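Student: My structure is below; once you've seen it, I'll send some questions.
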Ligand SMILES: *[C@@H]1O[C@H](CO)[C@@H](O[C@@H]2O[C@H](CO)[C@@H](O)[C@H](O)[C@@H]2O)[C@H](O)[C@H]1NC(C)=O
Ligand SMILES: *[C@@H]1O[C@H](CO)[C@@H](O[C@@H]2O[C@H](CO)[C@@H](O)[C@H](O)[C@@H]2O)[C@H](O)[C@H]1NC(C)=O
Ligand SMILES: *[C@@H]1O[C@H](CO)[C@@H](O[C@@H]2O[C@H](CO)[C@@H](O)[C@H](O)[C@@H]2O)[C@H](O)[C@H]1NC(C)=O
Ligand SMILES: *[C@@H]1O[C@H](CO)[C@@H](O[C@@H]2O[C@H](CO)[C@@H](O)[C@H](O)[C@@H]2O)[C@H](O)[C@H]1NC(C)=O
Ligand SMILES: *[C@@H]1O[C@H](CO)[C@@H](O[C@@H]2O[C@H](CO)[C@@H](O)[C@H](O)[C@@H]2O)[C@H](O)[C@H]1NC(C)=O
Ligand SMILES: *[C@@H]1O[C@H](CO)[C@@H](O[C@@H]2O[C@H](CO)[C@@H](O)[C@H](O)[C@@H]2O)[C@H](O)[C@H]1NC(C)=O
Ligand SMILES: *[C@@H]1O[C@H](CO)[C@@H](O)[C@H](O)[C@H]1NC(C)=O
Ligand SMILES: *[C@@H]1O[C@H](CO)[C@@H](O)[C@H](O)[C@H]1NC(C)=O
Ligand SMILES: *[C@@H]1O[C@H](CO)[C@@H](O)[C@H](O)[C@H]1NC(C)=O
Ligand SMILES: *[C@@H]1O[C@H](CO)[C@@H](O)[C@H](O)[C@H]1NC(C)=O
Ligand SMILES: *[C@@H]1O[C@H](CO)[C@@H](O)[C@H](O)[C@H]1NC(C)=O
Ligand SMILES: *[C@@H]1O[C@H](CO)[C@@H](O)[C@H](O)[C@H]1NC(C)=O
Ligand SMILES: *[C@@H]1O[C@H](CO)[C@@H](O)[C@H](O)[C@H]1NC(C)=O
Ligand SMILES: *[C@@H]1O[C@H](CO)[C@@H](O)[C@H](O)[C@H]1NC(C)=O
Ligand SMILES: *[C@@H]1O[C@H](CO)[C@@H](O)[C@H](O)[C@H]1NC(C)=O
Ligand SMILES: *[C@@H]1O[C@H](CO)[C@@H](O)[C@H](O)[C@H]1NC(C)=O
Ligand SMILES: *[C@@H]1O[C@H](CO)[C@@H](O)[C@H](O)[C@H]1NC(C)=O
């Protein structure tokens, strides 16, 4: 479910927040996301 | 983002060995290998890893073919040219898509350059690759990232490395990685556009402390510089008498725990290898010290308490425990610094028809204070009777440890010997078997003076040590002078060279040249350390004779002293400023000019009165 | 008035973990706690340099006194630079330098004689043993004297005009007449008792030198600043001989006396003690730097008002109806003669 | 930052460790982040004190330079302060100090007083200056020579105590009429 | 305009270890952490 506050457990990455579509340019080996201050940003959907 | 990483990377402007082919040397493998090749279609298939490459140790093999890869872990025998002749105890077979991709624009000039990086951190074999269609002809420097392909945990020992060839009827670029800190510039789309090393150039070390690819004009403090010691002197005392650990482990009547025999071991050299030969141990639990690190220490005194106790009571003996032995028979103090030794002896505390020689105390009026003996035979009181005798409510304090050759291990005679050290500041009377090397003065050396470890420079002194004085110190309690145990002479101790390096650079958009300021250190010291190559700085800035300048703030390397005077541009310290000036361009250091040299025309009756005026608008923020 | 404090550039890496790799690896687990400390102390040093710049660098052109020195009777040899002295400093300016003792000059390059210390090494060698260094100021105390000489030669040969624009020469009798006219007394008073007022000025200047010669300490503010800095440095060095509840207070001891799996517990304790000790030093240094910056801004305003002109605010430039002011350079500060 | 804990993610060490044992790691994370948030708060307090000092300076500068003319030298810009115009900037203020600065000057001559007839004449407000042959009275910050009259000068003295007194004739607009 | 604040002379020994000998013994292992606090408070009082 997207555009709604949900607790996610993406591949063992626990947390809380809101998810949606992206236009990111993940390289095929890329799996996680982060920012300049090292906080998990975007998770590649393991089943999509 | 300008993310900074510390990992195994190929150093910038490093040595890469370029080979040819027309036999196939076995390259060493350590900390990973960077591999690159430039080929027409295919002459290199795969690689071989492992140790001794024979049928006695496991090894890897990663040959590619037309369609797949052939990764495996095995114990191959040899081929000397079908690349193996043995797959005996060999598993971990693996197959996936091929590593080699080749494309041509209807012509062979597109000599694609294939770059690979392998490493073996905590097993988990990591392989990275990237095929750049270059123009591999001359291995260009155009930045190029590398994407992982497969990560598989071989979990083996890799030291040697080899490669395979192909058939037919300029390649082999090999580089070695090292643990370095890198600063990587990430594109908006997530690729890596540029990267800068952090241990290569003064400008690079600054560009990676301001985590930025642009360093504005100014002076930036990056790190410090230290002179790593050349030699390591270890000066232990003048004694060679081996300690009597033999006669504390060769004894025949290790007393009962109620009377814990306490020998004293002093004036001796303690090699605990003789401690490791008289006893096939069952418990070497050391608390204050690590048993491996026991031959490099000096103890003021050593106590060897020996007593035979039962199996569970071995686990009983420890700092801060409980039980009938740890409370009424032998109590090890909480802040214990030493080792306990327990080995099995049912050959000297046993016989047919039995034996009951040993003894222990289950009945004491209170607990036993640490390291206290309580040899006494007083009947323990029960109720309110002052009774002096055995029987009910009238119990003898100490009962038997009757030892026989046949009980379970939980009930057997272990000859427990515990060693107590005094690892404090005092003359050391017991030291390890470490040899006493020579003495070198006026040079940065690691010293191990009588168990006092440290680093610094030593020399003769004119101190007035009293004959009982052994150590030295200062007003803030830092060890200053150590009396040589084998010369009875006084040697002072210095810091290594500790200072601070500041890099003086103009804007990176102006020039890549830099000046290096070593803070508050004579430049002869930094010059001799550099020429001896014992400086912690691995970025070595040039020294042409016109780039050295002993400032009151240190010494400047990379900037020449001009005798002119200009307005201060980059503040260095102590009246010296540096700036980027034309010659055709270089960095110059000068003494700041405080302003225009002006003299007033004061006189008894002369006056200057303005005949005009101006209106100036200044700004304040 | 204090103008600057000692510039320190402490290193967490060597101060907390002297030449140790395991301790450095453990300290890396605390994040960027010490980049903050280095940045704070670098900012403090830059701010002290800026404070000195604000207080003294008020005149662009460096002025010089005339070759002859007859300022209508006023005797200025006591504050003018002395050519005979190699340092080119005023007689009153020498007492301030001889009555203040700096524990660490900084511009010594003392390395090479901690070995040659022979006797028990001092505070400086002991601090160098634990990564605790002091930077030297950007402005030497020889060109600060040149700034002061220019400031004083611009106010006795050009009045206050050099503080606004071009330095316009004016005879000192007429400058005194103007300063008198600025406080509500007509100029004729000065020209009718010029000799008497010159004698009074000379006596006042002469009796201020002995008042600093024989007093125990009137520079006690600058000495207080120096003592506070040296004493904070000393109480920061002395925290490296504290166990903090660890087995021993020596990194090279507990490293060689325990295996890495167990030595981490003690090294963590020592790191969490020395970091909390180096964060007290940095915090007190920041507070003292703010106080010194306030004092230095006050000193810069006092220079710009009292020295570069006549100030109509009462009890700012000394007690009484202010006429003029002379700056004098003192160790880590300035001295005003109102 | 792990701060010597198993992991730096609370949602990780909570889902990986049971409450009895995870307390040890959570305590470490708390004692790290609290000491990290007490450094931020302390440095923010220090910076706020510094900013308050600067803002009080700015308020005083506004109230003096803007709402009036300041006789303090080098406070409202360099030179003789005339005006100041405020401008608002992000998280601060910008002042436009309009100042009067002198210009081209000439060596003329000067005397403390002028002795016409036994009496020393002093300028009411200005300098006795001399082209070279004809003594003139003028202002201090601008050259505007005027004929030395009894209105320009006030008279008190005996022509024997003023050092540097020059001989010249002062004028009175009374004897002629 | 405020001119002064309350002058305090907080003592570490009694504040941290009320009439305790073992606690004082453990506190002595922290070095001159509290001489600094007493000096700072004394300086504050003298400054007020
Ligand atoms: C990141 O990726 C985007 C998606 O491919 C790129 O946008 C494209 O740009 C090309 C021109 O290069 C267009 O033809 C295409 O329609 C699309 O807009 C974008 O440039 C890229 N950014 C980079 C590489 O910096
Ligand atoms: C503990 O047991 C040791 C070995 O039996 C004793 O050491 C030796 O004891 C013999 C006498 O039995 C001495 O002749 C010899 O020199 C050596 O000391 C040790 O004395 C003993 N200690 C106690 C306190 O009983
Ligand atoms: C005072 O200074 C003014 C400028 O600072 C002079 O004005 C100048 O006038 C000339 C023409 O004569 C212009 O070309 C120039 O741009 C400027 O406006 C002014 O003349 C001068 N007055 C005296 C008396 O020197
Ligand atoms: C200005 O004041 C000076 C005080 O330092 C006078 O110097 C004096 O010189 C005499 C020797 O001639 C010394 O004995 C005395 O101690 C002092 O140094 C100087 O003469 C004086 N000059 C004028 C013109 O007043
Ligand atoms: C003194 O000041 C005088 C101004 O009144 C100048 O004298 C002028 O001289 C001309 C003739 O040369 C007269 O016509 C005029 O009325 C005026 O008196 C004179 O130049 C000046 N002296 C110097 C040396 O500048
Ligand atoms: C200014 O003019 C006075 C008379 O107008 C001069 O007084 C004269 O002084 C001389 C001696 O110097 C006497 O001989 C004469 O009788 C008269 O008193 C005065 O000197 C003069 N001053 C200057 C500086 O020229
Ligand atoms: C997940 O598995 C299902 C079942 O085989 C398959 O239909 C689907 O395509 C898979 N999706 C992904 C992303 O692997
Ligand atoms: C690479 O090897 C060559 C040949 O010995 C040598 O001249 C060069 O200095 C080496 N590269 C570096 C960076 O030292
Ligand atoms: C290449 O290796 C794969 C590995 O399974 C094998 O199946 C194949 O027969 C080999 N040869 C070719 C031409 O693909
Ligand atoms: C595999 O290892 C065992 C280890 O004892 C050995 O006995 C056996 O011979 C090995 N198999 C081979 C070499 O084929
Ligand atoms: C790996 O091989 C090297 C070289 O023989 C050897 O020194 C090292 O001890 C080996 N390590 C292991 C874990 O086998
Ligand atoms: C005791 O000493 C004898 C002496 O010959 C020796 O043979 C024996 O191995 C020693 N045993 C122990 C346990 O020290
Ligand atoms: C050390 O021992 C040797 C050998 O007995 C002796 O010659 C030398 O004098 C001794 N030196 C000291 C300082 O004890
Ligand atoms: C430092 O300065 C020079 C240059 O090295 C030399 O005299 C000596 O090494 C040192 N001198 C002093 C006085 O410390
Ligand atoms: C020029 O510089 C040299 C040193 O580079 C110095 O010895 C000399 O005195 C200088 N000359 C002048 C005129 O400053
Ligand atoms: C000023 O007057 C004094 C004393 O009359 C004299 O010594 C000095 O040379 C004079 N200077 C000038 C510039 O006239
Ligand atoms: C006044 O005359 C002196 C003597 O040469 C000269 O140095 C000075 O610059 C002159 N001042 C002026 C013209 O304003």
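The chain as shown is numbered from 1 upward.
Heads up, the Cβ atoms here are built off N, Cα and C, so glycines get one too.
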Student: According to Swiss-Prot, which listed range is region 'Fusion peptide 2': C:4-24, C:46-66, C:109-129?
Tutor: C:109-129
Student: Using Swiss-Prot as the reference, determine which range in C:102-127, C:284-309 is annotated region 'Disordered'.
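Tutor: Spelled out, Swiss-Prot records region 'Disordered' over residues C:102-127, not the other listed ranges.
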Student: Of the disulfide-bonded residues C:17, C:23, C:306, which sits closest to residue C:75 (N-linked glycosylation site) by Cα distance?
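Tutor: Looking at Cα distances from residue C:75 (N-linked glycosylation site), the smallest one goes to C:306.
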Student: Just jot down the residues in the same chain as residue C:23 (disulfide bond), at least 6 apart in sequence, with C-beta under 8 A of its C-beta; none if empty.
Tutor: C:16, C:17, C:251, C:255, C:267, C:270, C:271
Student: Could you tell me the C-alpha distance between residue C:125 (disulfide bond) and residue C:34 (disulfide bond) in angstrom, no decimals?
Tutor: 24
Student: Run a quick check on C:17, C:75, C:114, C:125, C:317: which of these recorded positions have any Cβ-Cβ distance to chain B under 8 Å?
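Tutor: Checking chain B against the recorded positions, the residues within range (Cβ-Cβ under 8 Å) are C:114, C:125.
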Student: Rounded to the nearest angstrom, how far is the Cα of residue C:12 (disulfide bond) from the Cα of residue C:306 (disulfide bond)?
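Tutor: Distance (Cα to Cα, whole Å): 44 Å.
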Student: In terms of DSSP three-state secondary structure, what is the assignment for residue C:12 (disulfide bond)?
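Tutor: Where residue C:12 (disulfide bond) sits, the three-state DSSP reduction gives helix.
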Student: To see if you understand the setup: which same-chain residues, six or more apart in sequence, place their Cβ under 8 Å from that of residue C:34 (disulfide bond)?
Tutor: C:12, C:13, C:16, C:27, C:275, C:278
Student: Roughly how many Å lie between the Cα atoms of residue C:114 (disulfide bond) and residue C:317 (disulfide bond), rounded to a whole value?
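Tutor: Per the Cα atoms, residue C:114 (disulfide bond) and residue C:317 (disulfide bond) stand 47 Å apart.
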